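Order of writing sets the chain letters: A, B, C, D, E, F, G, H and I. Residues in each chain are counted from 1.
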Amino acid sequence: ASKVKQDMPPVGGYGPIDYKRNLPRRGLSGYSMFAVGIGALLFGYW
Amino acid sequence: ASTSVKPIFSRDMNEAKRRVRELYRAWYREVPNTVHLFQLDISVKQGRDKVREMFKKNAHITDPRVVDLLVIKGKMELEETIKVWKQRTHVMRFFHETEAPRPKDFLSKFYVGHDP
Amino acid sequence: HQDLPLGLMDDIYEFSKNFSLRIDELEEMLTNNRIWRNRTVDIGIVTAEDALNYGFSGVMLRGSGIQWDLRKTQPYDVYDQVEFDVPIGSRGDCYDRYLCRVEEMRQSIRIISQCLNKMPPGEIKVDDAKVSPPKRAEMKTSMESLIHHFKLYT
Amino acid sequence: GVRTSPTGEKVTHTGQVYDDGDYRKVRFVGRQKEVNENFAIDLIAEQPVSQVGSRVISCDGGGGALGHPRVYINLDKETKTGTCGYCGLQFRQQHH
Amino acid sequence: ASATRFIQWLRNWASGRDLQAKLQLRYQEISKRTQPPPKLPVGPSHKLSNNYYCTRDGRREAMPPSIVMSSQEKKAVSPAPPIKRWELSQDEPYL
Amino acid sequence: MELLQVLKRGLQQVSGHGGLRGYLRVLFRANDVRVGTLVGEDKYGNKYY
Amino acid sequence: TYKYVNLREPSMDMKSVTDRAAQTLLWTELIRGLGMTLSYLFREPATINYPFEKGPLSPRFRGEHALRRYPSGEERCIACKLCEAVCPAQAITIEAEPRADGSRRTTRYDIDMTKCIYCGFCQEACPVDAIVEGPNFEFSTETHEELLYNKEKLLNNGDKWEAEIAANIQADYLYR
Amino acid sequence: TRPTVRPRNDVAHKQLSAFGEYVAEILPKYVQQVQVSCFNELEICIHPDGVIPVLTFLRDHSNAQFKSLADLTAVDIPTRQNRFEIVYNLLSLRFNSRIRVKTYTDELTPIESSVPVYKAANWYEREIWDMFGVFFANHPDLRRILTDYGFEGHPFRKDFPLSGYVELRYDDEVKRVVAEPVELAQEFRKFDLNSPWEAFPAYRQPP
Amino acid sequence: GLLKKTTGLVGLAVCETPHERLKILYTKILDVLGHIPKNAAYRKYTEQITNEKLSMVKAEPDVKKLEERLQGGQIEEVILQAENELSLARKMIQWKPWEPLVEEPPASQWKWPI
């Protein structure tokens, strides 16, 4: 006796699948970005 | 009631002929501009005779509704030439320059094939 | 026409597992790029009333705030057994419509993840041999199945 | 098998060959005429006649679902053999 | 998958994500190109009894359109009940 | 250290094709100098890896 | 259910407003885009080395039509004309007559490979697995006339690709 | 339930029959026939003079609100006095329903343009003109849309041949693309497929 | 009772006085329907559904709860539909679709299959 065999998902189902937007956060704040930029100018002028 | 029908533009042949003539004047005055914009190899006289031939074919119509349609198609065919939506190939299709003459007499048709 | 070959659903799962990352990389190039926004924001604005009267459908409606999607309002097949969200725009311009299609790609990955897990067993065409052709094995042994194969294909 | 015409052009298994004065032969100048060398009428004539011990035998062409529709052949006449209408194989009843 | 550790670090930092976990090239997680033979099932109409075709003939149960009006106190009606309002998703209401 | 191993594999492709002459032959015919496991050869001379 | 894609209210505190001023003046999100292209510069490209490498296919692939034989050498086709009836492009032309031995066999079997839409209906209709679409997809020609196959060209293809055609049909006939 | 037979929805069949009567009571001047199919679709058949009244009522009435024109097309039946059957397919987002409105005309009788009611009808009516030759009165811009410039005839008419009357070609002598009568290297083959046995007795016609 | 910042539909502006605007329009519709014959079905039906929508407005001072009662989406959508009915009523007077059928179709105009 041979059982039926056709394409089926594995017992318990497949693992979870990510679908949501995941644009991460990087970099410093505006205050610190401006502080580093002005600091570079002051050293350059000196 | 059977012969009572809705008109398209003209209620009788007398008004229809007015539209036919206005259309003919439009085509007559456009040939020189057409023969120039498309750089055709025909002359203006040849162009204006083709318009005459096309109008002559439908000279036996006595239905005002039919005449209205022929004018509607003529005005459509005219708007394509003025605005250069056609191309030199489309304009020259009225002349059949690449089709060999086909005989009109019985004997010649007999020699070549079976068509009447 | 045919049933899925063995092993295809596993390969669909491996593809779907990584696709959401591909969309994110696409959004790192377009969504916040100021040059992209300038080309698509407040360009081609459609009012919710002009869209209906001009015959629009799909994201041309959903971009202008009209809440309409045939998959949810007039469902067909088994679209009423899956969960997804319909993106909706607010300004009805090119940028909002670009966000609706990017977000609809994510909701498709959500539907696909449910089709792979809720795929039932059975046959793959209606078991009425006056519409769908019989199996080739039974078309070569049974007289009715040969008659119905002959007539359906001629 | 393939036999050549008096003009040197091969004859196909359907019997096709251009006559000597047929202008259509010019298509083969500097080229060739595609002819399949395995004549099916000769190949099936080499197959031995299968001896069976029943009035009626069945043929499916071999391979089961990979053959042809299954047909039953009557072997009551000893003057000739039973031939399958699909694959051309022949069957004969053993001395009865 | 053959990228050195340094280049793996450089690519991950540049994109801001962990690319090595979701490579867009397939190596060994794919199905074998040779598979065991299947044995597909059969439909509900594969029976030896109680299976007459007149009891499952869909095409023969179609009927011509019913005529409600033809030229040859009543409460107003609409084609269907008004469509119910949609609900914001608790999954992610705002993108 | 891993930089060193990359160069070692780059050199072992030269030896894996039969020296410089074989290495250059597959660089101009195939535009690729990878080394694989021979799977077999057909009667016309093609080699499969 | 539905969700809004572009209905956010940006904050108006000083830190948030300064964050967008740094983004406007220092081009932060543009340089974030340069980094993504930099990452792809160090990823292995997906290009394959054709013609020495080939793109993967499956046993169901539909390529060059062909005519098969039985293991005895007899042709499988019996001129039933089901394929000619089902071909949506009318790319098949057939003529048949009794053979010298009385068999039902074709005397013409042409496929116009420029009318053909490579759809596979011819091989679904065939009751004897005679006309199949093989796995060959590299058969481009230099003239239009070489793509008008006749029975001799189709039988040559079958003899030429039988080793691969039979193995594919072995791998898929359980799904048909 | 029967696994192979499409299920019936008697609720939607009763609601669409009520609304069909509702429409015919409000426009007796135009409605000639209302029918509901066995798969729950509603057809309102009207005199061609009511194209604007009937459509305007269905778009603007508070219980109809058919604000979207799904499609507009024509069907050619050579055996009728009025060959052409004009079909309007409409949609209602408020009540989530569809409705079909049909009228008729012939080669010479015009029909009123629907652009005032539906701006979507602008291109559909050009397509009906181009392919069937039905003139729409008061159309802002009526002309061929799909066929080639200078094309003669209306190709979707049942009597227009499948392969047309002319075919194009490049002629080296005149250095342009020419039009010539059509000759086919292989004639289209005509199959007589209909079986001589009745398929559906439910649709049998009186003899 | 807070006013809404947006209707969500492009080109549809928020209305600060939904109750006042609807009473005017519904009253205007009922006054236009008075010029239509008494027996015409368009008048009988439109009055039936206009009054019950006008009674819902005059018995529900909350906008959010009013929308649930009317079942017409945003209150601005219900105002837009009132303006469409008013325009429709003004056009039915000129068309007079309550008259008998203009003409019968030919004998087999709606027969299918032929």
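In this section, a contact is a pair of C-beta atoms (placed from the backbone, for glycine too) under 8 Å apart; a residue touches a chain by one contact, two chains touch by 3 or more.
In UniProt terms, the chains line up like this: B = NADH dehydrogenase [ubiquinone] 1 alpha subcomplex subunit 6; D = NADH dehydrogenase [ubiquinone] iron-sulfur protein 6, mitochondrial; E = NADH dehydrogenase [ubiquinone] 1 alpha subcomplex subunit 7; G = NADH dehydrogenase [ubiquinone] iron-sulfur protein 8, mitochondrial; H = NADH dehydrogenase [ubiquinone] iron-sulfur protein 3, mitochondrial; I = NADH dehydrogenase [ubiquinone] 1 alpha subcomplex subunit 5.
Participant: Taking a step as a move to a touching chain, how many steps at least join subunit A to subunit F?
Facilitator: The fewest steps needed to get from subunit A to subunit F is 2.
Participant: Please indicate the chain closest to the centre of the assembly, with centres calculated from CA atoms only.
Facilitator: Per-chain C-alpha centroids compared to the overall one single out C.
Participant: For subunit A versus subunit B, what separation do you get between their C-alpha means, in angstrom?
Facilitator: Averaging C-alpha atoms per chain gives centres 69 Å apart.
Participant: From the C-alpha centre of subunit E to that of subunit G, how far is it in Å?
Facilitator: Between these chains, centre-to-centre, one finds 24 Å.
Participant: List the centre-to-centre spacing of subunit D and subunit E in whole Å, with centres computed as mean CA coordinates.
Facilitator: Distance between chain centres: 50 Å.
Participant: Could you list the positions in subunit C whose residues touch two or more of the other chains?
Facilitator: In subunit C, the residues touching two or more other chains are 3, 5-8, 17, 21, 24-25, 28, 32, 50, 66-67, 73, 85-91, 99, 103, 121, 126-128, 136, 139-140, 146, 154.
Participant: Would you give the residues of subunit D that are in contact with at least 2 other chains, written as numbers and ranges?
Facilitator: 65, 67-69
Participant: Among the residues of subunit I, which are close enough to touch at least two other chains?
Facilitator: In subunit I, the residues touching two or more other chains are 45, 49, 72-73, 101, 104-105.
Participant: Give the pairs of chains that touch; include all such pairs.
Facilitator: Here the touching chain pairs work out to A-C, A-E, A-G, B-H, C-D, C-E, C-G, C-H, C-I, D-G, E-F, E-G, E-H, E-I, F-G, G-H, H-I.
Participant: If we count contacts the way the header does, which residues on subunit B are in touch with subunit H in the complex?
Facilitator: Touching subunit H: residues 5-6, 8, 63, 65-66, 69, 72, 76-77, 79-80, 85-90, 92-93, 97-99 of subunit B.
Participant: Name, in rising order, each residue of subunit E that touches subunit H in their complex.
Facilitator: These residues of subunit E touch subunit H: 43-45, 55-71, 74, 76-83.
Participant: Would you mind writing out the residues of subunit G in touch with subunit E in their complex?
Facilitator: Residue positions touching the partner: 1-8, 32, 35-36, 38-39, 42-44, 46, 56, 171, 174-175.
Participant: What residues on subunit F touch subunit E, complex-wise?
Facilitator: Per the stated touch rule, the residues are 2-3, 6.
Participant: So in the complex, which bits of subunit C are touching subunit H?
Facilitator: 50, 52-55, 57, 66, 68, 73-74, 126-128, 154
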